[PDB]
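Visitor: Residue numbers (the authors' numbering): 57 to 88, 98 to 151, 192 to 211, 228 to 355. The C-beta atom is built at its ideal place from N, Cα and C for all residues, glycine as well.
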Amino acid sequence: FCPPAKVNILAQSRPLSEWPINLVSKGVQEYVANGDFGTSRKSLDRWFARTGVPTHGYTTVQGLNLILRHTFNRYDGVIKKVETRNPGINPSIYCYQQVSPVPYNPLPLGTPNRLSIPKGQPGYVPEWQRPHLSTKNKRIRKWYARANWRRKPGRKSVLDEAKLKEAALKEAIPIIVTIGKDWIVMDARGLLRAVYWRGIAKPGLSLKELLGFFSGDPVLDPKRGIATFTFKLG
RNA sequence: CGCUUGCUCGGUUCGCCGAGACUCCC
DNA sequence: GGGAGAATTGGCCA
DNA sequence: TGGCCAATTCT
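1. Could you give the C-beta distance for residue 217 and residue 58, rounded to a whole number, given that I count them as a contact under 8 Å?
2. Hey, is the stretch 128–148 in contact with the stretch 99–110, meaning 3+ C-beta pairs nearer than 8 Å?
3. Counting only runs that start and end within the stretch 306–345, where is the beta strand (DSSP E) found for 3 or more residues in a row?
4. Kindly confirm or deny that the stretch 252–259 and the stretch 331–341 touch, where touching means at least three C-beta pairs closer than 8 Å.
5. According to the neighbour-count rule (16 or more other Cβ atoms, all chains shown, within 10 Å of its Cβ), is residue 243 buried or exposed?
6. Out of 135, 261, 294 and 196, point me to the one whose CA is closest to residue 343's CA.
7. Looking only at its chain, what residues have a beta carbon closer than 6 Å to the beta carbon of residue 99, apart from the 5 residues adjacent to it on each side?
8. Could you tell me the boundaries of the alpha helix (DSSP H) in which residue 138 lies?
9. According to DSSP, is residue 349 part of a helix, a strand, or is it coil?
10. Hey, quick one: how far does the beta strand (DSSP E) through residue 66 stretch, first residue to last?
11. Under a Cβ-count criterion, where at least 16 other Cβ atoms within 10 Å of its own Cβ denotes burial, should residue 274 be classed as buried or exposed?
12. Considering only DSSP beta bridges, list what residue 299 is partnered with.
Next up, the structure:
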């Protein structure tokens with residue numbers, strides 16, 4: 057079993073459902098045809114351009130075997146499900202080996234000390250009571266974590282999109298997925314928490330060693346602003 | 001042994017701390 | 001209600 | 001030479 061993972065995107069060149077891989081994978085399900102489907106580029110040429118369905122400058126052998134082969138199983142199986150008892194046009198951009206994520210180019230502990238920060242600076246712990254806390258090696262939420270600023274009738278807060286949210290991109294961990302013209306930068310601290318949650322120690326993890334524990338084929342979601350990874354057999 | 005993002009739920013001096021899952025998608 | 005790889009290889013110009 | 005982007009593969 058491959059456990060899942062969930063990471064947040066940061067920036068995109070153009071609107072989500074406007075990349076040409078999506079513009080190719082979208083019409084396939086509507087179309088489904099010849100049936101001349103093969104990994105070989107020659108067979109792929111025949112199935113797509115020749116049969117009739119338009120291609121938006123896409124010819125990758127993997128990028129057309131992860132959407133055509135999926136669609137036929139989408140048009141099938143449900144018939145088998147109709148047989149078993151006796192639809193959505195997914196822009197789920199299934200990334201492949203050739204577009205595997207790599208860390209950004211032109228691990229830190231975070232807050233090294235909990236009860237030690239100069240007074241008045243951001244992150245400073247309160248003075249009315251420093252003791253009476255708990256020390257069981259639980260997760261540490263950073264001061265800017267909006268999970269700690271949620272609104273309720275009993276809660277008091279002054280939410281600002283700059284003070285709270287812009288503080289994230291300062292110490293973010295960028296990784297890049299490139300299909301040739303479209304670039305997506307996701308936040309890897311989700312992967313950090315996912316790997317520390319299952320048992321792996323801290324500090325031995327660096328660049329080129331976090332992504333290794335996850336599968337190299339993400340499933341980007343050009344809606345909800347989220348991406349999803351999977352681990353390996355380990 | 002060990003824990004930067006997301007989310008659910010509390011009160012608080014408003015500075016911040018206490019508990020929890022991650023098999024998610026159509 | 002279905003999917004969540006990446007090893008080996010073949011063209012390959014500075 | 002070797003180095004990288006695509007192209008081919010089984011279960």
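Guide: Per the coordinate set shown:
1. The model contains no atoms for residue 217, which sits in the stretch where the chain goes from 211 to 228 directly.
2. yes
3. 340–342
4. no
5. exposed
6. 196
7. 112 and 116
8. 133–140
9. strand
10. 60–67
11. exposed
12. 304
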